[PDB]
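Engineer: What follows is a single structure, and I will ask about it in a moment.
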Amino acid sequence: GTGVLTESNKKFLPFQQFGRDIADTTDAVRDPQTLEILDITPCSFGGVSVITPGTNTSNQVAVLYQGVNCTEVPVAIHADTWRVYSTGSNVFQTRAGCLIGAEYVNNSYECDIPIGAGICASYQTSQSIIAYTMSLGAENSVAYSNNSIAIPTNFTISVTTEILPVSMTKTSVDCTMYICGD
Amino acid sequence: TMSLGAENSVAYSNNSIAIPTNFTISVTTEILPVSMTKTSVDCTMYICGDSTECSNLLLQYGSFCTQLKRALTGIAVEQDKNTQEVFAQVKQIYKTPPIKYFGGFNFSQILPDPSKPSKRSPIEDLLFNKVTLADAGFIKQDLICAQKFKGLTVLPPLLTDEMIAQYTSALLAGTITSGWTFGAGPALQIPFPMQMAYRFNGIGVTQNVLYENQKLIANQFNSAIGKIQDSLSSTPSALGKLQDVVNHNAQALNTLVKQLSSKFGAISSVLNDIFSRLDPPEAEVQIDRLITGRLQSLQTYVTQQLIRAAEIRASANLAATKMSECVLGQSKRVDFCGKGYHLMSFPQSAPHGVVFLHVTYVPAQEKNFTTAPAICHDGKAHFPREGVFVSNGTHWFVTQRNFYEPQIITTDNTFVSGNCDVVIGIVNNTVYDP
Amino acid sequence: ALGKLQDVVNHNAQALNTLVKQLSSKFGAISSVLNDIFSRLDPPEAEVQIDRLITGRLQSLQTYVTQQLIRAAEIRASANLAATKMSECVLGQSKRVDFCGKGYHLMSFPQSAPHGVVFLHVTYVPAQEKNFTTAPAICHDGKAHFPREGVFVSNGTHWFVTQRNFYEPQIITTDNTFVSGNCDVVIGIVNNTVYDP
Ligand SMILES: *[C@@H]1O[C@H](CO)[C@@H](O)[C@H](O)[C@H]1NC(C)=O
Ligand SMILES: *[C@@H]1O[C@H](CO)[C@@H](O)[C@H](O)[C@H]1NC(C)=O
Ligand SMILES: *[C@@H]1O[C@H](CO)[C@@H](O)[C@H](O)[C@H]1NC(C)=O
Ligand SMILES: *[C@@H]1O[C@H](CO)[C@@H](O)[C@H](O)[C@H]1NC(C)=O
Ligand SMILES: *[C@@H]1O[C@H](CO)[C@@H](O)[C@H](O)[C@H]1NC(C)=O
Ligand SMILES: *[C@@H]1O[C@H](CO)[C@@H](O)[C@H](O)[C@H]1NC(C)=O
Ligand SMILES: *[C@@H]1O[C@H](CO)[C@@H](O)[C@H](O)[C@H]1NC(C)=O
Ligand SMILES: *[C@@H]1O[C@H](CO)[C@@H](O)[C@H](O)[C@H]1NC(C)=O
Ligand SMILES: *[C@@H]1O[C@H](CO)[C@@H](O)[C@H](O)[C@H]1NC(C)=O
Ligand SMILES: *[C@@H]1O[C@H](CO)[C@@H](O)[C@H](O)[C@H]1NC(C)=O
Ligand SMILES: *[C@@H]1O[C@H](CO)[C@@H](O)[C@H](O)[C@H]1NC(C)=O
Ligand SMILES: *[C@@H]1O[C@H](CO)[C@@H](O)[C@H](O)[C@H]1NC(C)=O
Ligand SMILES: *[C@@H]1O[C@H](CO)[C@@H](O)[C@H](O)[C@H]1NC(C)=O
């Protein structure tokens, strides 16, 4: 196989050799010399996701790692050449992972680049790419009272558009010549 | 053999009308899925796990693994848009007034609880406890570890449940304090009993009924809400419609992951075995057959994922239109917003779905009467302006159509057109003049 | 603003271009060109390698069609919505809220777009609110007086009856209020004079 040989914590039976997961992949192996449990776990991985503004605007980017405590993405470095994203200058940990190269702001605006779990980044002001928490909308508290009614005294006619697709394009394929050219 | 129902028979005749003399407030329930889990898969290590040469050979097939990822990301962003359009239909974030006395109605069971750490209503908490959902992209540090080790991943929703509950509470406060005016422009406060009087007036029942049966209506509403909580708590199969989504998603993921074990006719299901214990010249062919089988499995998986995404999107559009017509207004489309004449609706969040509480009006206690289409007073037909011409006996009166309340027949609630010889069934009666 | 239709066009172009790119996939065979394969193999070997390409390109075609069927189902759902709107919105006035735009519906006008339609929903939006003091009824001679259509409203001293959507104060006469009962059972009733015309 291939993976990190790792110190195990489970127990086999006095005769068990292999250990299997649901999809019959070798989870643990009986050590050859010593009668010790040894677990085979694929060496850690995950998607690499990159947050960018338009290249028409900038060329610096943030990088989001899905499902990592951010204490292992420096563990799994390219050495073991773009380091500035593995190492911690601006490291913010969220439910989706940690995104490096983006500054966490204690404010809250509308959403531009959805990150997940309520966080979503943007590119603002001395220019950096910020990450903040979404804002639902302007706060409001209507003045309820049991002998008070608000009646409008003026109106505004307003017209809005609504785009709707109706039909797609009608294609047609030639099985014989596509599958089997001439 | 199936029984279709209590076989009944209504006593039709041509001079008889049945008018209810009482009513009943009935809170119904309706549970709708909105979104599903946002999975994402990578070929390179699902198919060719830790096998550089397998990756190099998979490079030949190539363009396939951009269709897969493209479809999956489309589905994920579609789920996010579904949630946006179902819930984010309010401009501001309204707040319930600090003091709660809405004319005797008791919304304690639907408004959020500051006591809980999560500001969810008792009903929302009960729903969340009732439905058991799998890990929603929790940071790894179970069945989830099996899938997560094959490149199969679940992304977390962009809308955390707390801010979904914030949308829900904003909608509740808006519809309680303002009415339907907050969905058609700016919020306009109005006392709740007057709002509910308008809601009666919009189903053909005058408001003098509510202003005189306010206590009964409040008590019935409170008891109905309590019974809703008890019923959807005790019965475990009440909301299996949401559990179906989670079951299907986890089940498809399990089938896909353990499908990695099939050999598809090859000598072994693990590639290093084929590479060490077999000659490369046809090892290429054998592992190519394995790759074709696994690509077929992924393609099938995403085809059912796409069909189920389309069905969930249709359900989400239905939920969004129910949120618009039912919650933000008062619909006349019968059985759209619950069995009976629609009064109000109250949204309540739930995992991967939403649940409404359709308040409706149901007549209770009928009574036979003798009716006429018109009344001939001085050789002129006299039709009812609004209502019916019932009569317990020689006492012909004019009531409204949905609640028995007799009135003397005068020239104010009666309009005249014709002579009393064209109408079949006209009845001689006096029409008092004020 | 109208990228919804451009999305359809782009999806169709991409879906129909991945097929054209797919022919350059050897699919486990020696090469993805039929003539070379037939010109460098004995009849028996060719069949084996060719079957690889034929089966591969067939699969690709099914993958493309199935997705076309799914997309056509989505477009049909969208087209059924458009028809419903054109009928209840362009050919009538709708009472379903947020169906024909936000606000109370007035009119709608269709305009033709490439592979789609766009509507111009003419709505009505109240603008300038004004706090008032209201009551459910008006006890005059011991009898409650409920508004025939509208709400009771006072500007601080006098009481009026106005519409529910536009401040239009009126003197309270007996031609716009209906009597129902006596004034000891409704909570919130207030004294006032109801004019007799
Ligand atoms: C291998 O040699 C070591 C050296 O003492 C011994 O302890 C161990 O038991 C041996 N392995 C086996 C399988 O006997
Ligand atoms: C791992 O993540 C948890 C939260 O899930 C956090 O509390 C902890 O500090 C992180 N690091 C370690 C070494 O556990
Ligand atoms: C409004 O509510 C307050 C407190 O709930 C009460 O004191 C007052 O009398 C009410 N106004 C009415 C019923 O007109
Ligand atoms: C109503 O609003 C319009 C602005 O759209 C303004 O021109 C007009 O004077 C206003 N009328 C009143 C009576 O306030
Ligand atoms: C109407 O029904 C309620 C119970 O829902 C009852 O308390 C009341 O007495 C009834 N009124 C009449 C007139 O039957
Ligand atoms: C409203 O109902 C709740 C039951 O959930 C009850 O605890 C509370 O006392 C009620 N409110 C009043 C004012 O009685
Ligand atoms: C009217 O009388 C008929 C015949 O007795 C009866 O079946 C019906 O129930 C009565 N009306 C009502 C209350 O439905
Ligand atoms: C019918 O109802 C009217 C009004 O309450 C009453 O005057 C009359 O006595 C009733 N029918 C009879 C018994 O004549
Ligand atoms: C009701 O139907 C019967 C049966 O034909 C008929 O004799 C009677 O005249 C009808 N009543 C009226 C008011 O037309
Ligand atoms: C109504 O009265 C007129 C004259 O008063 C009479 O000719 C006619 O037959 C009467 N009809 C009924 C149904 O009593
Ligand atoms: C109505 O009164 C409330 C509280 O007194 C106030 O916040 C609001 O601005 C008032 N509305 C208008 C239109 O002045
Ligand atoms: C209320 O309206 C009446 C109109 O009859 C007017 O005489 C009075 O001055 C107004 N009061 C206020 C406070 O606006
Ligand atoms: C209305 O007037 C009557 C006069 O008999 C009086 O008894 C009652 O208290 C008045 N109501 C209010 C709210 O002032």
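Along the chain as shown, the residues are counted starting at 1.
Technique stated in the header: electron microscopy, 3.0 Å.
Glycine too: its Cβ is placed from the backbone N, Cα and C atoms.
For reference, Swiss-Prot lists these features for the protein:
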DISULFID  A:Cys70-A:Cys98  disulfide bond
DISULFID  A:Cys111-A:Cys120  disulfide bond
CARBOHYD  A:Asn56  N-linked glycosylation site
CARBOHYD  A:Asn69  N-linked glycosylation site
CARBOHYD  A:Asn106  N-linked glycosylation site
CARBOHYD  A:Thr125  O-linked glycosylation site
CARBOHYD  A:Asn146  N-linked glycosylation site
CARBOHYD  A:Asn154  N-linked glycosylation site
Engineer: If you measure A:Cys70 (disulfide bond) to A:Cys111 (disulfide bond) at Cα, how many Å is it?
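Structural biologist: Each residue's Cα considered, A:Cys70 (disulfide bond) and A:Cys111 (disulfide bond) end up 24 Å apart.
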Engineer: Listed in sequence order, which of the recorded positions A:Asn69, A:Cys120, A:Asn154 sit with a CB under 8 A of chain B?
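Structural biologist: It is A:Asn69, A:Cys120, listed by sequence.
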Engineer: Considering only the recorded positions A:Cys98, A:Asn106, A:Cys111, A:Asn146, which residue has the minimal Cα-Cα separation from A:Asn69 (N-linked glycosylation site)?
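Structural biologist: Of all the candidates listed, A:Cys98 is nearest in space.
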Engineer: So which of these recorded positions, A:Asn56, A:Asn69, A:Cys70, A:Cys98, get their C-beta under 8 angstroms from chain C?
Structural biologist: none
Engineer: Do you know which of the recorded positions A:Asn106, A:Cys111, A:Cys120, A:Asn146 end up with C-beta under 6 Å from ligand 5?
Structural biologist: none
Engineer: Give the distance between the Cα atoms of A:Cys98 (disulfide bond) and A:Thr125 (O-linked glycosylation site), rounded to the nearest whole Å.
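Structural biologist: About 22 Å separate the Cα atoms of these two residues.
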Engineer: Which of the recorded positions A:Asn56, A:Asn106, A:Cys111, A:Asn146 has its Cα nearest to the Cα of A:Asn154 (N-linked glycosylation site)?
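Structural biologist: In terms of Cα distance, A:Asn154 (N-linked glycosylation site) lies closest to A:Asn146.
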Engineer: Between A:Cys120 (disulfide bond) and A:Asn106 (N-linked glycosylation site), what is the CA-CA distance rounded to a whole number of Å?
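Structural biologist: Rounded to a whole number, the Cα-Cα distance is 13 Å.
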Engineer: Round to the nearest Å and give the CA-to-CA distance linking A:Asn106 (N-linked glycosylation site) with A:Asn56 (N-linked glycosylation site).
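Structural biologist: Here the two Cα atoms lie 28 Å apart.
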Engineer: Whose Cβ, among the glycosylation sites A:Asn56, A:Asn69, A:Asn106, A:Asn146, A:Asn154, has more other Cβ atoms within 10 Å than any of the rest?
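Structural biologist: For the glycosylation sites A:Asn56, A:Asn69, A:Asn106, A:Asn146, A:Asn154, the Cβ with the most other Cβ atoms within 10 Å is A:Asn146.
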Engineer: Please list residues from the chain of A:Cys111 (disulfide bond) whose Cβ is under 8 angstroms from its Cβ, counting only those at least six apart in sequence.
Structural biologist: A:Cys120, A:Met134
Engineer: Measuring Cα to Cα, how many Å separate A:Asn146 (N-linked glycosylation site) from A:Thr125 (O-linked glycosylation site)?
Structural biologist: 47
Engineer: What's the CA-CA gap between the residue listed as 'O-linked glycosylation site' and A:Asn56 (N-linked glycosylation site) in angstrom, rounded?
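Structural biologist: Rounded to a whole number, the Cα-Cα distance is 17 Å.
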Engineer: Is A:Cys120 (disulfide bond) helix, strand or coil when read with DSSP?
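Structural biologist: SS state of A:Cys120 (disulfide bond) = strand.
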Engineer: Between the recorded positions A:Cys120, A:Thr125, where is the Cβ count within 10 Å the lowest?
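Structural biologist: Taking A:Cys120, A:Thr125 as the recorded positions, the minimal 10 Å Cβ count falls on A:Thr125.
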